[PDB]
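Each protein sequence line maps, in turn, to chains a and b.
Counted the way the entry's author numbering counts, the first sequence spans residues 24 to 27, 29 to 310, 494 to 623.
Counted the way the entry's author numbering counts, the second sequence spans residues 24 to 27, 29 to 310, 494 to 623.
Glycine included, every Cβ here is placed at the ideal spot set by N, Cα and C.
There are 2 protein chains.
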Amino acid sequence: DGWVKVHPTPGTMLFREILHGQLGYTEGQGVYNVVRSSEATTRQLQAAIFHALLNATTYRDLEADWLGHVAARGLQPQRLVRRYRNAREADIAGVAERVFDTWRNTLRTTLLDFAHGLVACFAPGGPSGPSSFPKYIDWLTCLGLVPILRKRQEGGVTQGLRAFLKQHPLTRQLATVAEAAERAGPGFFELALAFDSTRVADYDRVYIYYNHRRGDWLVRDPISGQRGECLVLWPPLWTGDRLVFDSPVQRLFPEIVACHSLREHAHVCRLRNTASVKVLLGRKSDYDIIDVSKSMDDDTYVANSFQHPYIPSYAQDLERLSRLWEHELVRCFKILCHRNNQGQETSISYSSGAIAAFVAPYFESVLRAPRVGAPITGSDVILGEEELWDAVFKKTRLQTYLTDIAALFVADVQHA
Amino acid sequence: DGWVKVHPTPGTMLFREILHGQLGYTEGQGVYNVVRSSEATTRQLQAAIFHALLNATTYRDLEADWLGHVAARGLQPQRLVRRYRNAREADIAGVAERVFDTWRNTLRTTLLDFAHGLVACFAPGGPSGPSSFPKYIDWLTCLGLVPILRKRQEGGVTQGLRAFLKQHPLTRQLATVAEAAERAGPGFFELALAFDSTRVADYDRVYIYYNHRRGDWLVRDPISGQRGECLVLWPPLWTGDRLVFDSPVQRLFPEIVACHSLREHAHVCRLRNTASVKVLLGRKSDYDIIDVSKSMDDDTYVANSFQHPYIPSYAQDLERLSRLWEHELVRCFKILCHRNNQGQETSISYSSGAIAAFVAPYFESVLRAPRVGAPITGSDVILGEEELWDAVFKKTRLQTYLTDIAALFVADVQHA
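Structure below.
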């Protein structure tokens, strides 16, 4: 009644089998390994966790902890000045600055350790299990559709967060850390539930239906009988008894088929020229391969015969396909290629817009995550975890408070 | 009832035999030797041990040890100033700074020696024996599955740790070293147990079963009858009476087979042209190789004959295959190639993302290790043991305490 099959047709399995390399392989197709990398999503998760944890800092409690540390050390400005009994301002100012610097560095490394501990719970479950990123990317590359299945339930990520947070000694050790953790807690649990709930379907099991007259999708899972919802990013085109997607493989499909047919024909022609000598026969009027035209003759004669051993060549077509594959995959997914002074492709990573165009829709619709803050740039992908934490730490709120307290302490260390 | 053989099929053994150069060898395939190196895991172990050992340092106890050293030397500020009896601040400050510098240098040397001694117990057992890394890498390269066998037991690593730790003179000599070792001890034992328990199955023994309907794995060891736990990073595809993996060898498989067949056909054609002259015979109407076609002639005649000694060429295919192998292995495993001003491939090592994508899951799942701290950078793989220890020593907790003590001593050496 207007419905039609979409995904499980063989003309769609052919696309995936092409993607696995069942129709030849090229150097250009090897760029696709970078496109599937889960580095961008892990960097985004690390940045989001760091922002959420460091945003809950407060000046009052951190100053209280600093005053408690000063009281523990017994190095108040009154006692220090009454002990030193000298007017050398530079020396005592440097002493106070170093005393503050030690505490600042220890607090920074403690916060780094806690942040890495928090990050460690999410990262492994991203690329594998429920809500897998490379599966999302290959869904996009093959069809442009991403079927998604949802169930509201708890599991590994939530249990991991509950086990990690509820007995970590740093919360008891530092009031500021515990306050920030309890303030930013609910967001972490909501993000964990978002990670757990969704699950992108598998390419060999799911069923997808399309009804042109209204333009809605019905996607079902035949094993469990579970109804899902279909996400569309680059909508297809319906031309009667057909349906043409606009995925990169669909655009690249005819060229590689033609090249494959050319290579097969060249192989067939190659196997023909094994024998060096050939013989031709015919009726009389009244290492070797022998041709017999004796039977078909009747009142005729062999007027003339020719030989021309053609062999098609296919190297130029393979070079063209390699370059075409590379250019298509670079321009479609916004891949930024780093280069040397003259050496080519020293490293490959996502561009600044590629993550905004691909990673952000993942977090926003595929996972339905609560928030991820301001997106990172295309240069923070290259940075390591420690470099990223240092980058976010300097520009965020906490550094301003830390530089604020030091100035006042250096000031009043000698005025009083 | 739906179960299918997966690994012991011949089409899987062919992949490993291809990996061992049974279908020809190329210069590009030689990059795979770097991919199997156990350098990254040893660097990660060294970094983890250094972080664990240095993070347990306590300011109070090392200050007490320094005060004990000062008491032993009899070089307290009171005695030193009362002996020198001069107002030359620069000389006395330099003397005190050198006195502290000798102690800090010898403490650094002692800590380095102890850290190397602790590291020496783990490193040999990594690449070989239980929990071998190159076997894991070639498991990933062949199929993408990593069957793993587990059994909780005590073994050589734990006995080595027990023999090394319980009678080391450094613990009795220094209170700081003993306290840090006692505090960090349980983690070392847990890591040793993690190293002992796991064992990656051998490629020529294990059995792997896959049931598409439900999608779970049953992996068994036929010799001991021990059931294992299967891991998957790059899930395969099921296309009816098949199973298509997405390992690099699977993607590269058709091309190398075509090249091998071309080379074999070229050899066969080459062996044919060894005779310079050829003779063709036929019935009369009413160093040499001679062809007899007179038997099949019957009321016929030889109308025409041809010769064309074809010899296929295969050098271009070999060069293309070498380049394809190299590019595939570079892009799939995220290999960073160092280069000269113009010279190519001065040295080859893991990139910053390669260790996070491959070394980190090994520790997380294959070993089930407790913790490894912050991951290292791809630039730290190049560094040696002493360089890595010095790198982790400067930015860790102990340096702040050591610099704090020096400034306070330099100040109080003359104000009192």
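Asked, Found
"By the 9 Å beta-carbon criterion, what residues does the segment 556-583 of chain b contribute toward chain a?", "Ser558, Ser559, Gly560, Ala563, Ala564, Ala567, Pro568, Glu571, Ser572, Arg578, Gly580, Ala581, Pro582, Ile583"
"At the 8 Å Cβ level, is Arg275 (chain b) part of the contact set with chain a, yes or no?", "yes"
"Between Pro577 (chain b) and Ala218 (chain b), how many whole angstroms is the CB-CB distance? I'm expecting something under 8 Å.", "7 Å"
"Could you tell me which chain b residues have their CB closer than 9 Å to the CB of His44 (chain a), listed as they occur along the chain?", "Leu261, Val268, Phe269, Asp270, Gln274, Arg275"
"Straight-line CA distance for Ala64 (chain a) to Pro151 (chain a)?", "11 Å"
"Between which two residues does the beta strand (DSSP E) containing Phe513 (chain b) stretch?", "511-514"
"So, is the C-beta of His140 (chain a) closer than 8 Å to a C-beta in chain b?", "yes"
"What is the DSSP secondary structure of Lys159 (chain b), counted as helix, strand or coil?", "helix"
"Please check the pair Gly168 (chain b) and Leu295 (chain b), which I expect to be a contact at CB under 8 Å, by giving their CB distance rounded to whole angstroms.", "The pair is not a contact, with the Cβ atoms about 41 Å apart (cut-off 8 Å)."
"State the start and end residues of the unbroken alpha helix (DSSP H) segment that holds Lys602 (chain a).", "592-602"
"Counting only beta-carbon separations shorter than 8 Å, does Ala618 (chain b) have a partner in chain a?", "yes"
"Output, in chain order, the set of chain a residues within a Cβ distance shorter than 9 Å of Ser309 (chain b).", "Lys308"
"If you measure beta-carbon to beta-carbon, which residues of the segment 502-527 of chain b are closer than 8 Å to chain a?", "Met503, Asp504, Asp506, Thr507, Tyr508, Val509, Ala510, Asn511, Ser512, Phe513, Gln514, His515, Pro516, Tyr517, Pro519, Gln523, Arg527"
"Quick check for students: name the residue ranges of the alpha helix (DSSP H) that lie wholly in the segment 82-159 of chain a, counting only runs of 4 or more.", "83-97, 101-108, 113-143"
"Considering only residues of the same chain and omitting the five flanking positions on each side of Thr36 (chain b), which have a CB-CB separation below 8 Å?", "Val30, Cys166, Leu167"
"Three-state secondary structure (DSSP) at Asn57 (chain b)?", "helix"
"Let me know the alpha helix (DSSP H) ranges lying completely inside the segment 181-229 of chain a, each 4 residues or longer, listed in chain order.", "193-197, 199-221"
"Short check: CB of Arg244 (chain a) to CB of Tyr231 (chain a), under 8 Å?", "yes"
"If I measure Cβ to Cβ from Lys302 (chain a) and keep anything under 7 Å in the same chain, skipping five residues before and after, which residues do I get?", "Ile496, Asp498"
"Using the Cβ count rule (16 or more neighbours within 10 Å means buried), how would you classify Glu594 (chain a)?", "exposed"
"8 Å is my cut-off, CB to CB: does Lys302 (chain b) come that close to chain a?", "yes"
"Using the rule of at least 16 other Cβ atoms within 10 Å of the residue's Cβ for burial, across every protein chain shown, is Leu531 (chain b) buried or exposed?", "buried"
"Can you grab the Cα-Cα spacing for the pair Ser529 (chain b) / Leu536 (chain b), in whole Å?", "11 Å"
"Would you say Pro148 (chain a) lies against chain b (beta-carbon separation less than 8 Å)?", "yes"
"Take every Cβ of the segment 81-99 of chain a, pair it with every Cβ of the segment 191-205 of chain a, and state whether three or more of those distances are shorter than 8 Å.", "yes"
"Do you know offhand how far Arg67 (chain b)'s Cα is from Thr182 (chain b)'s?", "21 Å"
"Got a sec: is the Cβ-Cβ distance from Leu305 (chain b) to anything in chain a below 8 Å?", "no"
"What residues from chain a crowd round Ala208 (chain b), counting only those whose CB sits closer than 8 Å?", "What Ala208 (chain b) touches in chain a: nothing, since even the nearest Cβ is about 15 Å away."
"When the Cα atoms are used, what is the spatial distance from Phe269 (chain a) to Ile542 (chain a)?", "22 Å"
"Does the pairing of the segment 279-287 of chain a with the segment 41-51 of chain a give three or more beta-carbon distances under 8 Å?", "yes"
"Run down chain a in chain order and give the residues with a C-beta less than 8 Å from the C-beta of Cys293 (chain b).", "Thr298"
"Name the chain b residues that come within less than 7 Å of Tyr108 (chain a), Cβ to Cβ?", "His622"
"Report the three-state DSSP secondary structure of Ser529 (chain a) (helix, strand or coil).", "helix"
"Quick one, which of b:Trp90, b:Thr126, b:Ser62 has its alpha-carbon nearest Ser155 (chain b)'s?", "b:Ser62"
"Assign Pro582 (chain b) to buried or exposed, taking buried as 16 or more other Cβ atoms, counted over all protein chains shown, within 10 Å of its Cβ.", "buried"
"Based on DSSP bridge pairs, tell me the residues matched to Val268 (chain a).", "a:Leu261"
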